[PDB]
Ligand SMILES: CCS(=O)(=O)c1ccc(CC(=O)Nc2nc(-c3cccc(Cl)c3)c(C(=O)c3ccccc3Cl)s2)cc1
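Next up: just one chain, as structure tokens, the form deposited without this ligand.
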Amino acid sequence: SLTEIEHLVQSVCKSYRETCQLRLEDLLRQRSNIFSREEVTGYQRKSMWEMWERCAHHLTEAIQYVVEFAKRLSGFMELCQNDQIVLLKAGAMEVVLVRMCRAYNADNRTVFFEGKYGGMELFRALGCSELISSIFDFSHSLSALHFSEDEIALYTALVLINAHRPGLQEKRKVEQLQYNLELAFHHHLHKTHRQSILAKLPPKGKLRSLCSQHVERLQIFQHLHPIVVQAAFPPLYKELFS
């Protein structure tokens, strides 16, 4: 079924376009819009816990857009609730981290944060310089790929739809969706002469490690200074918060 695979491509790309938060052309056009030294100092002088509150809410919103992305993938809603949650819990943050490279400018090592670009020194008050370096380095490695929007869409669909996540109840069902998405992805890369990015994708385990460190830090902050979540997905909220 040739056009069926081209269908799933069009349905993944449309779900991505509807949930990607900012258009790539907006992010690229804003690259010259950079925080001043005075603006950077204002961020650096904020409380740890205020910068935590800002970052936690940006990350919560980002996760919620990823959940909406997943929900709009043909086949995801047909999975059982348990498996939907298993996949989102394990992979939604991984997708957020991947999505970050669109907002990263490798020319000057800045990210688009709250309306302008700035470097990692913007986040000094968080006292997480190791994790922030690891996030910036990761986005720096991905930015070298010059990911197109469809490549990020199909790749992040596969970050989510991974039949190897422990605890799946209907594994064959997740496998079917996974194989169809893998075919869609490989067909698209062939069509665009972009198969060369396959060897350049992050090693399996690299994204897992960075996300587990990231989520562990967020859980520590949340334990010390809980934020109020505008909760839209009760079964998933219940798995992350306590």
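So that there is no doubt, residue numbering starts at 1 and follows the sequence shown.
Worksheet item: Which has higher Cα B-factors on average according to the PDB entry: 157-165 or 139-147?
Response: Per the PDB entry, the higher value belongs to 139-147.
Fill in: Segment of higher mean CA temperature factor, 6-14 or 226-234
It is 6-14 that shows the higher mean C-alpha B-factor.
Worksheet item: Can you tell me which of 96, 86, 125, 80 has the highest Cα temperature factor in the record?
Response: Highest CA B-factor of the listed options: 80.
Practice prompt. Go through 59, 181, 51, 28 one by one and give the residue whose Cα B-factor in the PDB entry is largest.
Written response: Comparing C-alpha B-factors across 59, 181, 51, 28, the top value belongs to 28.
Worksheet entry | For residue 64, the third of its chain into which the C-alpha B factor falls | Lowest third of the chain for residue 64's C-alpha B-factor.
Practice prompt. Could you tell me which third, lowest, middle or highest, the C-alpha B-factor of residue 38 occupies within its chain?
Written response: For residue 38, whose C-alpha B-factor we compare with every modelled residue in the chain, the answer is the highest third.
Worksheet item: How does residue 186 rank on Cα B-factor within its chain, lowest, middle or highest third?
Response: Residue 186: CA B-factor falls in the lowest third of its chain.
Worksheet item: What third of its chain's C-alpha B-factors does residue 119 belong to: lowest, middle or highest?
Response: Its C-alpha B-factor belongs to the middle third of this chain's values.
Worksheet entry | Chain third (lowest, middle, highest) by recorded CA B-factor, residue given as residue 219 | It falls in the middle third of the chain.
Beyond what is shown, the protein has a form deposited with this ligand bound; the following relates to that form.
Discussion item. I'd like to know if residue 93 sits close to this ligand in the entry with it bound, meaning any non-hydrogen atom pair within 4.5 angstroms.
Written reply: Judged by the heavy-atom cut-off of 4.5 Å, residue 93 is in contact with this ligand in the entry with it bound.
Fill in: Interface membership of residue 59, this ligand in the entry with it bound, 4.5 Å heavy atom rule
Answer yes; at least one heavy atom of residue 59 falls within 4.5 Å of this ligand in the entry with it bound.
Worksheet item: Taking heavy atoms and a 4.5 Å cut-off, does residue 177 contact this ligand in the entry with it bound?
Response: No - in the entry with it bound, heavy atoms of residue 177 and this ligand never come within 4.5 Å of each other.
Practice prompt. With heavy atoms only and a cut-off of 4.5 Å, decide whether residue 162 touches this ligand in the entry with it bound.
Written response: It does not: once this ligand is placed as it appears in the entry with it bound, residue 162 has no heavy atom within 4.5 Å of it.
Worksheet item: Ok, 73, 79, 154, 100: which has a heavy atom sitting within 4.5 Å of this ligand in the entry with it bound?
Response: Exactly one residue meets the criterion: 100.
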